[PDB]
Structures are given as C-alpha cells and as structure tokens.
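# coords please:
(chains A and B)
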Amino acid sequence: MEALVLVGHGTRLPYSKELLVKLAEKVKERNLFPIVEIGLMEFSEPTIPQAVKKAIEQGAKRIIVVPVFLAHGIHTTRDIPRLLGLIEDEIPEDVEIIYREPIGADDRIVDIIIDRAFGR
Amino acid sequence: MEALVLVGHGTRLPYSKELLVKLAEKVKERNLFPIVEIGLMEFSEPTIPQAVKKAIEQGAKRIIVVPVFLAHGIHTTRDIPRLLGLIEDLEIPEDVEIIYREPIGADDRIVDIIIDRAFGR
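Numbering: from 1, shown residues only, chains lettered A, B, ... in the order given. I have put the structure below:
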C-alpha cells in the first residue's frame, strides 16, 4: 500500500547511482516498507518516472518520494516536482504522491562530517 | 594548529551555502577544532581557495578538507583536488599540510535521516 521511492541526482560517473542502490538496500533490510524503488534524475536508469510506475505496478497507493539531496535546489523545487506532475508544465491513477524533504543540516550530518574528518 | 574546512558544491540558489553555514556553526558548537571554515566550489563566496587561505592566516598547519557531498563525482575526484593543488591542473606554504577527506557516502545515519524524512520528521 505504501512505497518509498528514493530519488537522486545521477551522474555520468556511477557513484551517484551506487549510493542510492546501497541506501535502498539498507532500507529494505529494516522492513519498514512493502515496496522500495530508486530513480535518478539524469544520465542513469531507473529514471524517476520509471520508479514511480514500478511502485504503482507492485500495487502501492501511497508513493513517498524522498529527495536524497543535501540541500534544496532547482532539481528539488522544479525538476523533480514536474516529473511527479506536482507542478504544472507520467500520469498517476487514484494513487497519492507524497513528496518529502531533503536531508538538510541534520545533527547526524554533523556526526558523519566529524568522523570523516578523522578518516572514519 | 588544525583546521576543518567544509567544502560544498555551491549553487545560484542560496540553500547550498546556507547548509554549509549551518553545519559549520554546529561543528563550532562541538568545540573539536580551533579553526573552522567553509568554501563553495562555484557561484558563491567564500571560495575553496579563500577558505584554505583564511585557515592558514589564523595559523593552522593541519588543513582537514571534508567534501560535504553525498557521493564522489567529478567535483570531488578532480575539481576540488585541483583547487587544493593535490592534482596537477592557490599556493600553499611548506609549513602547512592538506588532508583531503572522504564524502558522506551511504552511511547508516543517512538511512536514519531518510526514514525520518519519509515520515515528515
């Protein structure tokens, strides 16, 4: 009934898509959602529309889209919302898209940054 | 003696720089480092070279540069390392040493954050 779709930038290099895959893999083993799908905005498949369609196919009526970006930007305020038909200018059913918020300057980002400083 | 320099993409929108600022503020409040500086790769000040120079001025000899990016990419493999003179293409004293660190990557804590975000927390 619920689907989590992780969505990321995507690059020509593969590292952007490896991350999303890894993250999706880690959320799967937490057994929080029935369906979990990734979608990359550019250069790589699956594409955001592809992910959403796949989630619908597996029977989800709540599609939670989470933007895996540190900071808001044009990609999150325009590009992705369009792709999701949340903004004027992929057509869903009676299903509902719930577009969530980016990572932002979470306390946990500070935690991670500190470890990185020390090579952990 | 040691400086943490947080380095980010930078955009024409301000959100990227605000992120860096907030993070730097939080690191300051943890009292782990003497000098803490942010540098944005494009479109904004301070610039990476500016941040490194500023850190040297305040007297640091260990410059820890952390790339605040989720994933490696050309910006972290090439652009930033050039700006740091770590890779053949501003100018660093013999006294100081750059320690270029690693990105966030698919940390367990990123999964934690993602879940909270999914729930509107």
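# Show the contacting residues for the residue nearest to residue A:40 when sequence neighbours are not counted.
Of all residues beyond its chain neighbours, the one nearest residue A:40 is residue A:10 (3.1 Å), with distances taken as Cβ to Cβ, 6 or more residues apart in numbering or on different chains. In this view, the C-beta of every residue, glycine as well, is placed from N, C-alpha and C. Counting by Cβ atoms under 8 Å, 6 or more residues apart in numbering or on different chains, residue A:10 touches A:16-17, A:40-44.
# now residue A:112
Taking Cβ under 8 Å, 6+ apart, we find residue A:112 in contact with B:104, B:107, B:109-110.
# returning to that earlier point: tell me the secondary structure at the residue nearest to residue A:40.
For residue A:10, the assignment made with DSSP: H, G, I helix; E, B strand; the rest coil gives coil.
# So which residues make contact with stretch A:19-32?
The contact list for stretch A:19-32, computed with Cβ under 8 Å, 6+ apart, reads A:4, A:6, A:8, A:33, A:36-38, A:40, A:68, B:70-71, B:105-106, B:108, B:110-111, B:114-115.
# would you put the C-alpha positions of the helix or strand residue A:23 falls within in PDB?
When elements are defined using DSSP states H and E, residue A:23 is found to belong to helix A:15-28. What follows is helix A:15-28 as a C-alpha-only set of coordinates in PDB (Å, rounded to 0.1, in the frame of the first residue of the first chain):
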ATOM      1  CA  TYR A  15      29.000   6.700  -7.800                       C
ATOM      2  CA  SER A  16      25.800   8.600  -7.600                       C
ATOM      3  CA  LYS A  17      23.700   5.600  -8.500                       C
ATOM      4  CA  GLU A  18      25.800   3.200  -6.400                       C
ATOM      5  CA  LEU A  19      24.900   5.300  -3.300                       C
ATOM      6  CA  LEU A  20      21.100   5.200  -4.000                       C
ATOM      7  CA  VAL A  21      21.200   1.400  -4.500                       C
ATOM      8  CA  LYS A  22      23.100   0.900  -1.300                       C
ATOM      9  CA  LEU A  23      20.800   3.100   0.600                       C
ATOM     10  CA  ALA A  24      17.700   1.400  -0.800                       C
ATOM     11  CA  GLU A  25      19.300  -1.900   0.100                       C
ATOM     12  CA  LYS A  26      19.700  -0.700   3.700                       C
ATOM     13  CA  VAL A  27      16.100   0.500   4.000                       C
ATOM     14  CA  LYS A  28      14.900  -2.800   2.700                       C
END
